[PDB]
Structures are given as structure tokens and as C-alpha cells.
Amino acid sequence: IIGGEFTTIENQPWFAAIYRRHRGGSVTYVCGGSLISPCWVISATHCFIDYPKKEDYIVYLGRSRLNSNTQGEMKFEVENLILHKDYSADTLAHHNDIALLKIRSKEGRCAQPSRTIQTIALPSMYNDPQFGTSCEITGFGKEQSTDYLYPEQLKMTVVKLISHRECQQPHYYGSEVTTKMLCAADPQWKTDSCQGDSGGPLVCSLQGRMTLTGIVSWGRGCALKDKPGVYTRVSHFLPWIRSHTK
């Protein structure tokens, strides 16, 4: 996250921290995720497509820091890694950038909801917020494009949704951004999501309800003028999520 503020897991209890085990036993951060039910974490397929072995991943719930065992945190393995069969990448745009991770403790249990571990509600079909609506993003992603390290402490920011017609303008993304994608940015281009925030939530309060409106997917640079953050529009994927969690 570029700009914004440092936060803790109690303010974002649906936030899942996803890591990968490498050969030799070292563990590194991959992407964010969101708890949608006790056994299921939703993320972006582009985070896993190059390393599709479920046994390699570690998922934490209730974790506030990248290298700290936050009190009350829960560690899990991936029982089922589901990638979207029509996922594809263009030079900029990612298509069908959505993934599901079925989680399991070493005892074979799913998440136990607590003050720091809670689910996030899915959106309803054809009911996304209007352009100009303020929404929040969370992640352990880069603080600056030139950084190679990720922040130790979890961050958050607030951005505004951008219309499809504004996002399709020539100086923005043209025809490369589609109706299955949602644009969101800072009107002053100072805060945004960035590399490492992928797979993480775009949470919008709509009609009084906190909703998983988007999943961090792609963008040209980070916090660049006329280059919004692009998110998977979760409301389009409700039949796919239902079928793969049944």
C-alpha cells in the first residue's frame, strides 16, 4: 500500500496472509486474501498460477505483522487450491483473476471465528457501489514502487471507485479494462495498492453493509496519474464462487 496508514488485524479480521514454503524450508510472503467462510479464503489466481502445489502454501488468519506470531493468530495449510479455469494475463490486464483456498489446521479444522478472525460478506448480483464511492484496501504490499522489501506492519488506505467510461479513456486504460473489472484510485494520485497487495480485499460499505466488492488485481505502476488500481469485480463471479465452495 502506497501512502495510507499502518493498521492491525482487529480492524481487518477477514484479512488472510498467504506465504509460500520454498525447497530448503524458507518461507516468503506471496499475496493477501479474504476469509469468505470458516473453510474458505478468496484471493487472485495470478498469485498462485506459477506455483500451483497446494502443499507449499501457509495461510494465517489474525496476523498483524509479516514476521510476528500475533496473539490469537491461527495457522493453516491448503486442503484445496482452486484456480479459475479461464484465468489469463495480457501485458497489463489480468482476466478472471480469482482463486479459492480451502483451509485446514493440522488437526483438520477450519477457522474458529474470534475478535481478530471474522468472515467478509460477498456482494449481491448487479448491485455494486456507484462511481465516487470511497472504499478501503488492505495489504502487506510495497510502500513505494522502488522498495524491494514489504512493510513489517499491515497497512490500509481509502480510494474512490472510478466509472468504466472514465477508466476506458485513452490516457487511462482504453479498451484494456473490461466490465468484469472495477477501477479505483485517489483523485490526487498519492495513495494506491501496489505489488504484494494482490489477492487482497477492496471492501466497500454499501447500504450499511461491509462487502467484498473487489480483489486487488492489476495496475500500471503504483499511484501513477491517470492509472487507477484495477480490481476483480466479485459480483460477476458469484455463480463461480457458489459452485466451487458447494
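Note that residue numbering begins at 1 and tracks the sequence as displayed. Throughout, rigid core stands for the largest set of C-alpha atoms superposing within 1.5 Å between the two forms.
**Student:** Rigid core superposed, root mean square over structures and residues, which stretch has C-alphas farther from this form in 4 other deposited structures of this protein, 126-134 or 75-83?
**Tutor:** Output: 126-134, the stretch lying farther off on average in 4 other deposited structures of this protein.
**Student:** Between 193-201 and 65-73, which one shows the bigger average Cα displacement from this form in 4 other deposited structures of this protein once the rigid core is aligned?
**Tutor:** It is 65-73 whose C-alphas lie farther from the shown form in 4 other deposited structures of this protein.
**Student:** On mean C-alpha B-factor from the PDB entry, just flag whether 224-232 or 16-24 is the higher one.
**Tutor:** So the stretch with the higher mean C-alpha B-factor is 16-24.
**Student:** Report the stretch with the higher mean CA temperature factor, choosing between 122-130 and 72-80 on the basis of the entry.
**Tutor:** 122-130 has the higher mean C-alpha B-factor.
**Student:** Considering only 86, 176, 147, 136, which residue's Cα atom bears the greatest B-factor as recorded?
**Tutor:** So the option with the highest C-alpha B-factor is 86.
**Student:** Quick one: which of 159, 154, 110, 99 shows the highest Cα temperature factor in the PDB entry?
**Tutor:** Answer for 159, 154, 110, 99: 110, with the highest C-alpha B-factor.
**Student:** Compared with the other modelled residues in the chain, in which third is the CA B-factor of residue 35?
**Tutor:** Lowest third, going by the recorded CA B-factors of the chain.
**Student:** Which third, lowest, middle or highest, does the CA B-factor of residue 209 fall in along this chain?
**Tutor:** It falls in the top third of the chain.
**Student:** Lowest, middle or highest third: where is residue 180 by C-alpha B factor in its chain?
**Tutor:** Within its chain, residue 180 is a lowest-third residue by C-alpha B-factor, going by the deposited values.
**Student:** With respect to C-alpha B-factor, does residue 46 fall in the lowest, middle or highest third of the chain as deposited?
**Tutor:** Lowest third, going by the recorded CA B-factors of the chain.
**Student:** Is residue 192 in the lowest, middle or highest third of its chain when residues are ranked by C-alpha B-factor?
**Tutor:** Tercile = lowest for this residue's CA B-factor.
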